[PDB]
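To begin, one chain is listed below as structure tokens, in the form deposited in one PDB entry.
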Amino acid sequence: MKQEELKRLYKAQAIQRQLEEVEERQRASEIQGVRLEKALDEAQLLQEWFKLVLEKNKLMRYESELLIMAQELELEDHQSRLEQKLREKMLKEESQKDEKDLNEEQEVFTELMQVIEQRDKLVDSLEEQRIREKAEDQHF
């Protein structure tokens, strides 16, 4: 049994549920895309196709976002494992630590810090998405 990693797994599943909804409507939107492409009152339907382009856009923003949220939770899990492993290694005294023990202890500390690093890289790239959305949606 587990304890409030629970939250991580329920949330991961919900993220893939809504991911699933999203590429569902990506498929639908794409097919209406080529139907109306086949078409070309025509002014009204051009308005509608405009709506659909807006829709593809919104769906991509949400999709790339969900993909990030997913890898966020995967990293959080990996971090949890790595961390508790380093601590179990740290309970033994330094006097009892040989080269194998010391070095692999070492190795998991650095892997841990690197995982934290990538978490932050996702925060930052998530931000570049926020700012680009502001920038080109500025015309809208």
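Basically, rigid core = biggest C-alpha set you can superpose within 1.5 Å across the two forms. We number the residues from 1 along the sequence you see.
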According to the PDB record, deposited residues with no modelled atoms between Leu40 and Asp41 number 4 to 9
When mean C-alpha B-factors in the record are compared for 31-39 and 79-87, the larger belongs to 31-39
Of 59-67 and 45-53, the stretch with the higher mean C-alpha B-factor in the deposited entry is 45-53
Here the Cα B-factor of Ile131, set against its chain, lands in the third termed highest
In terms of its chain's C-alpha B-factors, the third that includes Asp137 is the highest
The third of the chain into which the C-alpha temperature factor of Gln106 falls is the middle
Among the modelled residues of its chain, the C-alpha B-factor of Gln114 falls in the third labelled lowest
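Omitted from view is the form deposited in another entry, to which the following refers.
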C-alpha of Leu67 moved at least 2 Å between this form and the one not shown on rigid core
no
- Message: Could you check, with the core superposed, whether the Cα atom of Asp101 shifts 2 Å or more between this form and the one not shown?
- Response: yes
